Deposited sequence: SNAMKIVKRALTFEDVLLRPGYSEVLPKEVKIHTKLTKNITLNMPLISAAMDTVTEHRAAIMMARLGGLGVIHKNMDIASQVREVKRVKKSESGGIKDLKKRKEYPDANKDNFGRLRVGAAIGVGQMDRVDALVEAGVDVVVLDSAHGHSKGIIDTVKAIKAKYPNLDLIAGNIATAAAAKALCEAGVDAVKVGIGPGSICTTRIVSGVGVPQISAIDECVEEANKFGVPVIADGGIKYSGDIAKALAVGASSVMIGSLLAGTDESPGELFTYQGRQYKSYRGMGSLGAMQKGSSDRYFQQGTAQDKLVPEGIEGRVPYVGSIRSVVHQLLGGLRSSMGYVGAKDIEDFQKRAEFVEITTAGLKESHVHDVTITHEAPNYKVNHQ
């Protein structure tokens, strides 16, 4: 007989219960850990995609307290240049009081690599990258493990993030290999078709919960990657036990993301595509699609709304910080009817909301 391990849930399946609160949303602390050795002042990371993060997106993310990960869909020299532009970037000191900087007062930056790309790692390291993100469609693989070990052997002090995974067994394997963080997410991405093309995946809330419980045994932070639609999803992911959240679609339509604006039927858009899509890979068998997202202005405006939502959540739960948030957190499972009730219902929206579209 078939082995059904569990009934897995995603963000829309659950809600946080309110708790007794003595703290205001403006008073709570949202600092967190990116890796074992790197801290963030905000728990947000921009995705390593060629329609989301290059040097300017990464600069703004670090300035606001988070991090940007330069994508790997470019030559080594180009990625080095993007990394250097971020490091050399730094009026600003209290225009951006929460800026995420290294020991030398330079903005933090991450960069993506693939399996066996040791040459790329060497160049990124000497370029002064703060963290390397070893990403694959399947992080629980021999190629990924071998690469982790090779990098750690050559650069023992280089912070290394590995992914993506969706099981406790995968988290254990990566942690035992010595990673400094694991990235969780198989299939939940907005532009991802992995679950449909391959039939493989785990609903993100359950994936995070399972991997966090295992990763916690090693003191290794979990990055929740993909599937974030609203600010409330950020809160849920962190409450479940994730230390940080990686975002693609919500940042693709900003000023700072690569690509240009274009008008379509009197509306402005930006291109957003999976890194496993045909376009990005250029017969291939794609695990992503090429699409469009509405233009939403600046990264700072988006981030402000996202963090505002997170602060509101911690206020409802009564949490003074993220660790406290995770300790207090209690969930209820809801139905489709509950989800319908949660959204705007039976009223025709006439004005655009900053955090609800």
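Unmodelled regions (deposited sequence positions with no C-alpha coordinates, counted from 1) are 1-2, 93-99, 292-306, 382-385.
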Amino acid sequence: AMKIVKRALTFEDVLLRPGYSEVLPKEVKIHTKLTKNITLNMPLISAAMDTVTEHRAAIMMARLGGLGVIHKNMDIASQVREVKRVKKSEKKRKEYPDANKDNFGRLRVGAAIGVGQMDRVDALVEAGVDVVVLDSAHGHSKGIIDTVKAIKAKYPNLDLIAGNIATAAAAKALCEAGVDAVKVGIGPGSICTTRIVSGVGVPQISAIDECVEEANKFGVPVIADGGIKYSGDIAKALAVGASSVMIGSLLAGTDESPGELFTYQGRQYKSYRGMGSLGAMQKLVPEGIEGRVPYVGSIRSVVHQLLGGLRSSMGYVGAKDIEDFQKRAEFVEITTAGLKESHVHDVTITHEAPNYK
From here on, numbers count along this sequence of modelled residues.
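Stretch comparison (149-157 versus 266-274) by mean CA B-factor in the PDB entry places 266-274 on top. Comparing the deposited coordinates for 208-216 and 115-123, the stretch with the larger average C-alpha B-factor is 115-123. The residue among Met314, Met49, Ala62, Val296 whose C-alpha atom has the highest B-factor in the PDB entry is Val296.
Looking at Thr193, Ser89, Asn164, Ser243, the one whose CA carries the top B-factor in the deposited record is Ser89. Per-chain ranking of the deposited C-alpha B factor places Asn100 in the middle third.
In the deposited entry, the Cα temperature factor of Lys236 sits in the bottom third of values across the chain's modelled residues. The deposited CA B-factor of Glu12 belongs to the middle third of values across its chain. In the PDB entry, a CA B factor belonging to the highest third of its chain's modelled residues is recorded for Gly259.
Split the chain's modelled residues into thirds by C-alpha temperature factor. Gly291 is in the highest one.
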